[PDB]
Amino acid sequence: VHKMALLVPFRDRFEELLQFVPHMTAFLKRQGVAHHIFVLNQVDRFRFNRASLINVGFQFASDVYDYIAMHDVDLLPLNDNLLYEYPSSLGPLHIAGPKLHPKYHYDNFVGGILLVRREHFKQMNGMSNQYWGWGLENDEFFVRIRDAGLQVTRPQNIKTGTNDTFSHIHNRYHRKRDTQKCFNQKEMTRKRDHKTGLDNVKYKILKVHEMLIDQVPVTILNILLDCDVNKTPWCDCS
């Protein structure tokens, strides 16, 4: 039996989380996937850093989890044929493929829901830490996948399409995307990051909370990320 660490980078998405937990738990129980949900709550006051939270969650998750799912909290599978299985030796298994995602349709999109073996994640030194605020972190990770000699696989013979494979309950005016650029964020985050990753993410876990949501156990990690403003000053544009 494989076990999946279901990693949910998180800040101020409480109602999303209330829908997320019962839905994913039922969904995964139906296909027999053993798993645990880790809410990666970024409690520092820097801009949202999804990828660094993933790195922290990977470090925290015990050895029993031999793969991880990096998972948006607002993106729910509607098709039971989307198998959250242990990825093959080829590399990561991308569940929310561009032919299936309601919004993102470019070929190398690996955002939303991406399953990665422990060994492969380690092999790539996890995700880049330089992505403060919305965007690009998954795209650079795609390059990390190619550079590691791995490939992305996606489920075949899925019959649903872009409008009926996932619900993406995300109103752009309610949950705003932090797309601000300051300092030379534009230039720096558009290039491959060979310098940061799993092995040097800087952080403290202030608190671990064990939460039951209608009987389903879920772990909350209160994560205080560090920002080195000598390297990534765009962690805060205030």
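Don't overthink the numbering: it's just position in the shown sequence, from 1.
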Of the two stretches 156-164 and 106-114, which shows the higher Cα B-factor on average in the entry? 156-164
Mean temperature factor over C-alpha atoms, higher-scoring stretch between 47-55 and 184-192: 184-192
Among all modelled residues of this chain, ranked by Cα B factor, put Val1 in the bottom, middle or top third, i.e. lowest, middle or highest. highest
Should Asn222 be placed in the lowest, middle or highest third of its chain by the C-alpha B factor in the entry? lowest
How does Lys122 rank on Cα B-factor within its chain, lowest, middle or highest third? middle
Temperature factor at the Cα of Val39, chain-ranked in thirds, falls in the lowest
Chain thirds of CA B-factor: placement of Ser128: lowest
